[PDB]
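Working notes for the structure below.
Note that each Cβ is placed from the backbone with ideal geometry, even for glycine, and that neighbours are counted across all protein chains shown. Taken together, the values in this text are just the output of simple stated rules run on the coordinates, not laboratory data.
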RNA sequence: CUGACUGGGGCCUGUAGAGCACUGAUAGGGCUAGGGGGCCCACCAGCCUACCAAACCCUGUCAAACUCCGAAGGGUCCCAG
RNA sequence: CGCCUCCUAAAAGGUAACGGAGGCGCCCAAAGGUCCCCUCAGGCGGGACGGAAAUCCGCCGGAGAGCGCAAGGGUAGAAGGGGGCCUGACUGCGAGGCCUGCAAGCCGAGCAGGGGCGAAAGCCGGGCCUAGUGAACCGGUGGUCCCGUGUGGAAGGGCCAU
RNA sequence: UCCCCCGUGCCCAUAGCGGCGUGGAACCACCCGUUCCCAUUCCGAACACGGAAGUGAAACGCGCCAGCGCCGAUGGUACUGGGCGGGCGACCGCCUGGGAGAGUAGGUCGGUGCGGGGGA
Ligand SMILES: [Mg+2]
Ligand SMILES: [Mg+2]
Ligand SMILES: [Mg+2]
Ligand SMILES: [Mg+2]
Ligand SMILES: [Mg+2]
Ligand SMILES: [Mg+2]
Ligand SMILES: [Mg+2]
Ligand SMILES: [Mg+2]
Ligand SMILES: [Mg+2]
Ligand SMILES: [Mg+2]
Ligand SMILES: [Mg+2]
Ligand SMILES: [Mg+2]
Ligand SMILES: [Mg+2]
Ligand SMILES: [Mg+2]
Ligand SMILES: [Mg+2]
Ligand SMILES: [Mg+2]
Ligand SMILES: [Mg+2]
Ligand SMILES: [Mg+2]
Ligand SMILES: [Mg+2]
Ligand SMILES: [Mg+2]
Ligand SMILES: [Mg+2]
Ligand SMILES: [Mg+2]
Ligand SMILES: [Mg+2]
Ligand SMILES: [Mg+2]
Ligand SMILES: [Mg+2]
Ligand SMILES: [Mg+2]
Ligand SMILES: [Mg+2]
Ligand SMILES: [Mg+2]
Ligand SMILES: [Mg+2]
Ligand SMILES: [Mg+2]
Ligand SMILES: [Mg+2]
Ligand SMILES: [Mg+2]
Ligand SMILES: [Mg+2]
Ligand SMILES: [Mg+2]
Ligand SMILES: [Mg+2]
Ligand SMILES: [Mg+2]
Ligand SMILES: [Mg+2]
Ligand SMILES: [Mg+2]
Ligand SMILES: [Mg+2]
Ligand SMILES: [Mg+2]
Ligand SMILES: [Mg+2]
Ligand SMILES: [Mg+2]
Ligand SMILES: [Mg+2]
Ligand SMILES: [Mg+2]
Ligand SMILES: [Mg+2]
Ligand SMILES: [Mg+2]
Ligand SMILES: [Mg+2]
Ligand SMILES: [Mg+2]
Ligand SMILES: [Mg+2]
Ligand SMILES: [Mg+2]
Ligand SMILES: [Mg+2]
Ligand SMILES: [Mg+2]
Ligand SMILES: [Mg+2]
Ligand SMILES: [Mg+2]
Ligand SMILES: [Mg+2]
Ligand SMILES: [Mg+2]
Ligand SMILES: [Mg+2]
Ligand SMILES: [Mg+2]
Ligand SMILES: [Mg+2]
Ligand SMILES: [Mg+2]
Ligand SMILES: [Mg+2]
Ligand SMILES: [Mg+2]
Ligand SMILES: [Mg+2]
Ligand SMILES: [Mg+2]
Ligand SMILES: [Mg+2]
Ligand SMILES: [Mg+2]
Ligand SMILES: [Mg+2]
Ligand SMILES: [Mg+2]
Ligand SMILES: [Mg+2]
Ligand SMILES: [Mg+2]
Ligand SMILES: [Mg+2]
Ligand SMILES: [Mg+2]
Ligand SMILES: [Mg+2]
Ligand SMILES: [Mg+2]
Ligand SMILES: [Mg+2]
Ligand SMILES: [Mg+2]
Ligand SMILES: [Mg+2]
Ligand SMILES: [Mg+2]
Ligand SMILES: [Mg+2]
Ligand SMILES: [Mg+2]
Ligand SMILES: [Mg+2]
Ligand SMILES: [Mg+2]
Ligand SMILES: [Mg+2]
Ligand SMILES: [Mg+2]
Ligand SMILES: [Mg+2]
Ligand SMILES: [Mg+2]
Ligand SMILES: [Mg+2]
Ligand SMILES: [Mg+2]
Ligand SMILES: [Mg+2]
Ligand SMILES: [Mg+2]
Ligand SMILES: [Mg+2]
Ligand SMILES: [Mg+2]
Ligand SMILES: [Mg+2]
Ligand SMILES: [Mg+2]
Ligand SMILES: [Mg+2]
Ligand SMILES: [Mg+2]
Ligand SMILES: [Mg+2]
Ligand SMILES: [Mg+2]
Ligand SMILES: [Zn+2]
Ligand SMILES: [Zn+2]
C-alpha cells in the first residue's frame, strides 16, 4: 500500500478526533470510507457520436482507473432510448485509488470549481453517505482545456461505514470536505 | 431474502443430489478445510476429514490435498468408491480443487 | 487490476499559483494549477477578496449632515 | 345514478338468489335501517328513487347511507329479435340483495323522521322491508 | 346482430394419471400438467412439457414439502 | 417459414449428401450455414453446408 | 369371481359456502400528492376551502373468466363383501 | 367453419348453445446445448446537465418484474440476466405410457454410433409449457444402386431424404 | 449421556420482521496483504490465493420481548352426500350423516437427525 497524505491524515488526525467527538467503544465502530463511486450519466452519447471512448479516457486519467459502461434497463420514448444503449460510465474507486482521488478532489478540483462557495450541507443520505455533482471535468488537474472536446459533468458517491448523517458529516468534514453551511 | 452465496450454494447442491450419489461436501474457512461424504437418502455422514482434526500444518493448498488423501483413505476402508463433488459455494479451483485432486489420488471415484 | 486497460499511477507534484506544492499521485508526474485549498478565498478563513465593503450602502451614504434642524 | 366506473367484464351471467345475505346484516353507520325481507335484483333507478325520497323527507338535514351497490350488469335483447345471435345489451345495473341485508341507513334525524323516510323509501323498492333501529347486537358485530 | 365470440380450444386432459399407492412401470406417465405443479421426486423424470413419469418399476408416492412444492416419487418394489 | 425465413438442407461436405433439413432467416443470417453434423454415410461428424432446398 | 353396489385405507380436486391476501369493482370516513375555486400576488412564495379527487388507512361490501381459504361429494388404486 | 388460452364446466376426465372474453397461421443461428457467474419490480433518501421515468449511491423490498407474441399454468433453490466453449435444432433405434371410434397427436427411460460442454456428478435427440397447421393422390430435386419385359445397357420405376 | 461451536440435512413461518442483549479461549467471520493460482463488462466489493497484528464494529451463533407477521381452538353457523316436505314462483323448511370460512379464546421470537471440533 501507498503512503498517501490524506490516507494518513485519516488515521492520524481524523480517527482520534472522531473517537473523542462521539466516544466509540470499538475500533471498527469508527467511521471508515468504503468506496467512492463516480458516475457519468451522459447519454449525450445515445446515438450521436456514441464514441464516448473520449470520456472513458478522461475518467481513466482522473481516477487512474478505466470506467465500465452502463446501459439502459428499459426502452424510453421521450429521451430517444432503446434498451441496451450505452448511456453512462461508472468507475468504482476503492482503497488507495479512492484516497488519491479524494485527495486531489479536495485539494485542487473543488477549488477550481467556478464560484465555488462550499459543498452542500444537505446532500447527505440519512444513512450517512454523501453525493455531489460536478458540471465539468476541467475541475481535475489531469484534464486541460487543450484536450477536451465538450463539457461533461459527473455524480460522485462517497460511501461511509457511518450509520448516521451526523457522524458521516464529522468524518468528511474532518478529512477536509468544505461545507458551505 | 437470500444472498448470492446462499443461492450459488443451493444451485450446485441441488444438481448434485439429483444424481443420487454419496456427496463429498467441502467447507472452506479462512484457516481450515473440512470434508463430509454424506448420504442424503439417509441424512447421514459416512466419513470425515478435516485440517482441523488432522492438526495439519501450513500452506493451505498443500494442506487441502492432504485432507483430500486422508478422506479417501478412511473412505475406501469403508467400501465407498464412487461419490459426487460438492463444491458448495466454492469455484472448483484453489484449495477445493486441491482437496478434490487429493481424494482422487486417494482412489475416490469421481 | 486487469492488465493493459488502466493508466499507470505514479508519484506526482501538483503546483499551485500560491506557490504551494502537493505530493500526491497521478497519471501525470508534474501538474501546474491556478488555485488550491491553500489560497482559495472560501478556504482561506474568509478572505473577503475584493469586496470588504460592509455593504457599504445605503444608510451608510453620508454626504452629509448639512440639511438643517 | 349508481354504476361501476369500470369493469373487467361487460356482461355477467345471471347466477342465483338462494340464501340469506352474506354479510351486510347489521347496522353499521347510522341509527335506523332498512332491511330486505325478500331477494331481488335492486335496480340502480330503484336505489336512486329510494334515496331521493329520503332526502326529500329530510328537506335539509340527516345523512343517508347507501349500503347496496349495483355492480351487476343487466342485459336485454332488442325488441322483437328472435333467440340466438349473441347475448343482449346491457340496459342497466342491479344490486343483488338477499334477505337480511341492510340496504339503507339514516342518521342525524329524529326517530319519527327516520321511520317515515325509510317507509317511503320502502315503497320504492320492489321487495318487502322492515325498519330496524340500532341495537347492541349491531354494536357487537 | 352476430357474435365476435364463439371459439374455444380442445380440452387437454391434464392432471394426475396415477395416484399414491398405485403400482407403475418404468415409463408410466404419472402427471400431465402445465409447468411444475408437481416436481419430479425420487425416480421420476420430467419431459419437456413437464410431464412426470416413472423411471423404475415401483409404487407411486406423493409428498408435500411445503414451500418446496409437491413431489411425485416412485418407490422401488 | 416465410419469404424471409426459408427452409434449407445441410449437405455433408465430405460425401456431398444432404443429411438434414432445417430453416434459417436469410435477412438475419445471409451467409450460408456451416454446422458440424453427424453424417450417417461417413459415420462421423462433418462440416455440413447450407445448400438449396 | 374378476361385475354393479358396498366397507376400510391412501392419493387427486378448487365447486357450495366463505373470504378480500391477489385482479378488479365499491359506500362512507381519515389521512394526503394532484387538480377546481376563493384570499393575496406577479418579486415568487403564501394562506383559506362544506369543490372534484390519486396512493395509503379504517369501517362496510361485490365478482363466471378474483381466491388467503374451502367443504359435502366426486374420481382412482389397494384389501375385503 | 381449422388451431390455442380462460370462463361457462356442477372441486377427477369429458361436456352444448349464432353463450361470455381473447389469441394463432409466426419466430429465434440464438431466442438452441453445456459450464460458470449474476437477481427483480417497486417505494423512500441522496446525486451536474437530467425531467414521473435515462445512468450512479444508500436503505427497505419473496416476487407484484422478467420469461419474443393471447391467456393460463409455471418459475429467482430459475424457466429470468451476463459471459466462455460449442451445433444433441444428432444418426440408428426405442422399454413403457398419456390421449383416443379411426387416423392422428403427445411424453419418453435406456442401448449403439459419432460428438458438445463440464474437474466431475452429469447434462444435451431444439426453444418454461400449452397455438404457429394439412391425410392421401399426382409431380419436382438430392441420394441409393433395388427392379430393368430374350440378353447387355438405356427408358421408366422402387427405396431413403426433401 | 450434557454444554458451546462448525458442517450438512429434515419438518416448511409456532421457524419470519423488528427492538434489546450477549459471544471470540475454541470455531466462524470480519481482518492483514495481492508475490503466486485465480478474478473485476471498472473495482482483491465478489471470486481467488498467501497470511495471523487486531476486532467481534459488520456478519453469524445463542438469548430475551408479542408491535407487525405466522399459527389457531372450542362453541355456533353457512354449505352439503342421502332421505322428506312446502311454495304459482323468486325461493323455503324437516330428518340423517358430513361440516366450513370469518371471528373469539389462545399460541409462537422454532423443533429435530447425522458427522466433526472443543468443554465438563
Ligand atoms: Mg440530508
Ligand atoms: Mg453509511
Ligand atoms: Mg484542469
Ligand atoms: Mg341464465
Ligand atoms: Mg329486473
Ligand atoms: Mg337479463
Ligand atoms: Mg338469445
Ligand atoms: Mg340478454
Ligand atoms: Mg334496468
Ligand atoms: Mg345482499
Ligand atoms: Mg315496497
Ligand atoms: Mg365482519
Ligand atoms: Mg361477428
Ligand atoms: Mg364462445
Ligand atoms: Mg375437447
Ligand atoms: Mg369444447
Ligand atoms: Mg379448454
Ligand atoms: Mg391433478
Ligand atoms: Mg427433457
Ligand atoms: Mg423445453
Ligand atoms: Mg404418505
Ligand atoms: Mg419414497
Ligand atoms: Mg431434422
Ligand atoms: Mg368374489
Ligand atoms: Mg376391480
Ligand atoms: Mg370395482
Ligand atoms: Mg368404496
Ligand atoms: Mg358463491
Ligand atoms: Mg379485493
Ligand atoms: Mg380485514
Ligand atoms: Mg355470488
Ligand atoms: Mg369459476
Ligand atoms: Mg368462484
Ligand atoms: Mg368414493
Ligand atoms: Mg377413495
Ligand atoms: Mg372380492
Ligand atoms: Mg388448421
Ligand atoms: Mg372444466
Ligand atoms: Mg374448471
Ligand atoms: Mg373438470
Ligand atoms: Mg364434477
Ligand atoms: Mg380419460
Ligand atoms: Mg379471430
Ligand atoms: Mg449469448
Ligand atoms: Mg432459453
Ligand atoms: Mg450460452
Ligand atoms: Mg431501485
Ligand atoms: Mg431519486
Ligand atoms: Mg437536477
Ligand atoms: Mg432520477
Ligand atoms: Mg409476472
Ligand atoms: Mg401480443
Ligand atoms: Mg473444441
Ligand atoms: Mg409402443
Ligand atoms: Mg393410438
Ligand atoms: Mg458424451
Ligand atoms: Mg454417447
Ligand atoms: Mg474434457
Ligand atoms: Mg435422451
Ligand atoms: Mg424461448
Ligand atoms: Mg414455441
Ligand atoms: Mg384422387
Ligand atoms: Mg381426392
Ligand atoms: Mg410418386
Ligand atoms: Mg432388357
Ligand atoms: Mg441390375
Ligand atoms: Mg425388349
Ligand atoms: Mg455392350
Ligand atoms: Mg445385368
Ligand atoms: Mg452409362
Ligand atoms: Mg434411373
Ligand atoms: Mg432412381
Ligand atoms: Mg420415404
Ligand atoms: Mg432414415
Ligand atoms: Mg450450524
Ligand atoms: Mg441442525
Ligand atoms: Mg432425517
Ligand atoms: Mg459485545
Ligand atoms: Mg445479534
Ligand atoms: Mg479470536
Ligand atoms: Mg481476546
Ligand atoms: Mg496477518
Ligand atoms: Mg500481480
Ligand atoms: Mg510465490
Ligand atoms: Mg480483499
Ligand atoms: Mg456484533
Ligand atoms: Mg458466510
Ligand atoms: Mg413467552
Ligand atoms: Mg380462524
Ligand atoms: Mg366447529
Ligand atoms: Mg344437515
Ligand atoms: Mg337433497
Ligand atoms: Mg350434522
Ligand atoms: Mg367451507
Ligand atoms: Mg375455523
Ligand atoms: Mg416469532
Ligand atoms: Mg450433533
Ligand atoms: Mg460432540
Ligand atoms: Zn494555491
Ligand atoms: Zn458424408
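Mean projected area of the convex hull spanned by the Cα atoms of the protein assembly as shown, taken over all viewing directions: 64.1 nm². The convex hull around the C-alpha trace of chain C, projected and averaged over every direction, spans 8.6 square nanometres.
Using the Cα gyration tensor of chain E, with a ≥ b ≥ c the square roots of its eigenvalues, what is the shape: rounded (a/c below 1.5), prolate (a/b larger than b/c) or oblate (neither)?
prolate
Inter-chain Cβ neighbour count for C:40-46, averaged per residue, equals 4 (cutoff 10 Å, partner chain atoms only). Please determine, in degrees from 0 to 90 and to the nearest 10, the orientation of helix D:111-122 with respect to the longest principal axis defined by the Cα atoms of chain D, where the helix direction is its Cα long axis. Helix D:111-122 sits at roughly 10 degrees to that axis.
Name the residues of the stretch D:93-107 whose amide N is less than 17 Å from a point 7 angstrom out from the Cα of residue D:12 along the C-beta direction? Residues passing the 17 Å test: D:93-99, D:101-103.
The mean sequence distance of close C-alpha pairs (under 8 Å, at least 6 residues apart), as a share of the length of chain E, puts its relative contact order at 28 percent. Per the Debye calculation on the stretch D:29-137 with a single equal scatterer at every Cα and no solvent contribution, log₁₀ I(q)/I(0) for q = 0.18, 0.21 Å⁻¹ amounts to -0.83, -1.05. Of the peptides B:39-46, E:54-61, the ranking by mean beta-carbon count within 10 Å, highest at the top, reads E:54-61, B:39-46.
Bridges between two residues of the protein assembly as shown, per DSSP, are antiparallel at a rate of about 90%. Here the simple spin-label model places points 7 Å from the Cα toward Cβ, and for residue E:55 and residue C:61 these points are separated by 10.0 nm. Each Cα pair under 8 Å and six or more residues apart adds its sequence gap; the mean of these over the residue count of chain D is a relative contact order of 41 percent. Here B:38, A:76 are placed in order of increasing Cβ neighbour count within 10 Å, fewest first, which gives A:76, B:38. Just need the relative contact order of chain A here, percent rounded to a whole number, with Cα pairs under 8 Å and 6+ apart. The normalised contact order for chain A reaches 29 percent. Treating the angle as unsigned and between 0 and 90°, give the value, to the nearest 10°, between the Cα long axis of helix A:53-62 and the longest Cα principal axis of chain A. The helix A:53-62 is inclined about 20 degrees to chain A.
Its residues counted as N, chain A yields a C-alpha radius of gyration over 2.2 N^0.38 Å of 1.12.
Taking the number of Cβ atoms within 10 Å of each Cβ as an exposure proxy, the fewest-first ranking of D:123, C:6 is D:123, C:6.
Just the number, please: Stokes-Einstein D of the stretch A:139-181 in µm²/s, Kirkwood Rh from C-alpha pairs, 4 °C, 1.567 mPa s.
Here the translational diffusion coefficient equals 97 µm²/s.
Between the stretch B:50-110 and chain F, the C-alpha centres lie 48 angstrom from each other. Spin-label model, residue A:12 to residue B:42: label points 7 Å out along the Cα-to-beta-carbon direction sit 6.6 nm apart. Taking springs between alpha-carbon atoms closer than 10 angstrom, which of B:56, B:71, B:24 fluctuates most in the Gaussian network model of chain B? Comparing B:56, B:71, B:24 in a Gaussian network model of chain B, the most mobile one is B:56. Secondary-structure-derived ellipticity at 222 nm for chain A, considering helices only, amounts to -7000 deg cm²/dmol, per-run term -39500 (n - 2.57) for DSSP H runs with n ≥ 4. Helix A:165-175 and the longest principal axis of the Cα set of chain A meet at an angle near 90°. Residues B:83, C:21, ranked from the fewest to the most other C-beta atoms within 10 Å, line up as C:21, B:83. Here the sum of -39500 (n - 2.57) over DSSP H runs of 4 or more residues, divided by the residues of chain B, equals -13000 deg cm²/dmol at 222 nm, to the nearest 500.
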